[PDB]
């Protein structure tokens, strides 16, 4: 089975790549070159060094993902004005447009798309959430499952072990066929 994971070199993505590599060849898109090397030590992990906003939004797609004709699992773990653009580009537009570019392969595999969800932070997380829900409704008939795993504070969210996010992802994709786990709310203890 085929998995694509963005933010693969962040704390969460590393744990997500290790989990999915049990039963998927994983395309792990990431920024950190040492983690990427470390990741390629895992069998069936295909590291892709990538500046994701530039590749997804400016160049029309990540070349090394272009040949995939079935994707089973796609996990999106990647002044003020410049700050708005940076956040919205990376947290909302890239998941939407990367999912669109992989759409044919997602339909073909009946895959699962999982999103990991100040004024700018509130807006983009509320944005990402409306994207997820409307996408889900657009694609349910095509066999695509859409899910949001939502970390947040109880205290602050950084105290969530990243492996628990990987487990949340594993729980979502493992759900039986008559089911969609559409949302999982995650908080520190």
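Positions refer to the first chain, counted from 1.
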(message) Our gap detector needs a label for residue 154 to residue 155. Which class matches the unmodelled residues of the deposited sequence there: none, 1 to 3, 4 to 9, or 10 or more?
(response) 10 or more
(message) I'd like to know the size of any gap between residue 117 and residue 118, counted in deposited residues with no coordinates: none, 1 to 3, 4 to 9, or 10 or more.
(response) 10 or more
(request) Compare the mean C-alpha B-factor of 104-112 with that of 81-89 as given in the PDB entry, and name the stretch with the higher value. (result) 81-89
(message) Mean Cα B factor from the PDB record: higher for 26-34, or higher for 129-137?
(response) 26-34
(message) Quiz for you: based on the deposited Cα B-factor, which of 65, 146, 149, 48 is highest?
(response) 48
(message) For the chain shown, is the CA B-factor of residue 9 in the lowest, middle or highest third of its modelled residues?
(response) middle
(message) Among the modelled residues of this chain, does the Cα B factor of residue 21 put it in the lowest, middle or highest third?
(response) middle
